[PDB]
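Residue numbers (the authors' numbering): 4 to 141. For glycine and all other residues, C-beta sits at the position ideal for the given N, C-alpha and C. Read the structure below first, then the notes.
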Amino acid sequence: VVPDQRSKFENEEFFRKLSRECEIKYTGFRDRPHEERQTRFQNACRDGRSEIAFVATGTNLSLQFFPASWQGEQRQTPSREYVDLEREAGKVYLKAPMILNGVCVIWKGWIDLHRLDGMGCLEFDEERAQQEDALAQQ
Numbered sequence: 004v005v006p007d008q009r010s011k012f013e014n015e016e017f018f019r020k021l022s023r024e025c026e027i028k029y030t031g032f033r034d035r036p037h038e039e040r041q042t043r044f045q046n047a048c049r050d051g052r053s054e055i056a057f058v059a060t061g062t063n064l065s066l067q068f069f070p071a072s073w074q075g076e077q078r079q080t081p082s083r084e085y086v087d088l089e090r091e092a093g094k095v096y097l098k099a100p101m102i103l104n105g106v107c108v109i110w111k112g113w114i115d116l117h118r119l120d121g122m123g124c125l126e127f128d129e130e131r132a133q134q135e136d137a138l139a140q141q
């Protein structure tokens with residue numbers, strides 16, 4: 004494979020500077036009474052298109068795990084997968100492999116059902132990164 008893959012990963016410090024354990028919070032109207040904790044979780048769960056950012060950095064990452072549908076006229080039913088992990092630790096979290104202008108990195112933030120100011124570690128360690136980088140070319 005082209006050696007420009009391993010090279011950027013071993014010399015780019017951008018991983019430790021931001022791809023590390025950082026505080027995270029879901030994007031929503033905090034000025035909306037605590038009522039957003041439940042309504043935002045369910046209404047956002049149907050649209051699994053969560054927007055979230057790192058409190059430490061103004062950086063923001065958008066991601067999509069299993070959303071009911073974009074323009075679909077389906078039902079307003081939520082993502083069963085979201086409540087199959089809400090009953091467990093009593094928290095709601097998502098994990099997905101997103102690619103940036105480089106290779107795949109694993110993003111998996113978590114937050115409790117009431118305070119949406121959890122933590123989320125981000126790190127370049129996807130095994131699909133080494134092979135997808137090779138197959139990244141058309």
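Given residue i, which residues of its chain have a CB within under 7 angstroms of its CB, disregarding the five upstream and five downstream residues?
i, result
"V95", "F44, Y85, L88, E89, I114, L116"
"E135", "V106, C107"
"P81", "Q45, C48, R49"
"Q79", "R49"
In angstroms, rounded to a whole number, what distance separates the CA positions of residue i and residue j?
i, j, result
"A99", "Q141", "23 angstroms"
"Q74", "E54", "18 angstroms"
"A132", "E126", "11 angstroms"
"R49", "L66", "14 angstroms"
"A59", "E130", "28 angstroms"
"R33", "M101", "27 angstroms"
"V4", "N63", "31 angstroms"
"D128", "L138", "17 angstroms"
Between residue i and the rest of its own chain, which residues show a CB-CB distance below 8 angstroms, the 5 nearest in sequence each way excluded?
i, result
"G31", "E39, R43, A47, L119"
Tell me which same chain residues have a C-beta within less than 6 angstroms of the C-beta of residue i, skipping the five on either side of it?
i, result
"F68", "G51, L97, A99"
"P70", "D50, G51, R52"
Tell me, to the nearest whole angstrom, how far the beta carbon of residue i is from that of residue j; I am working on the premise that it is less than 8 angstroms.
i, j, result
"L21", "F57", "7 angstroms"
"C124", "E26", "Not quite, the Cβ-Cβ distance comes to about 11 angstroms (not below 8 angstroms), so this is no contact."
I'd like the span of the alpha helix (DSSP H) that includes residue i, first residue to last.
i, result
"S82", "No alpha helix (DSSP H) contains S82, which DSSP labels as neither H nor E."
"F57", "Run containing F57: none in the alpha helix (DSSP H); it sits in the beta strand (DSSP E), 52 to 57."
"residue 3", "Absent from the model: residue 3. The displayed extent of the chain is 4 to 141, so no value can be given."
"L116", "Here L116 belongs to no alpha helix (DSSP H), and DSSP marks it neither H nor E."
"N104", "Counting along the chain, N104 falls outside any alpha helix (DSSP H), and DSSP gives it neither H nor E."
I want to know whether the segment 34 to 41 touches the segment 10 to 25 - three or more CB-CB distances under 8 angstroms.
no
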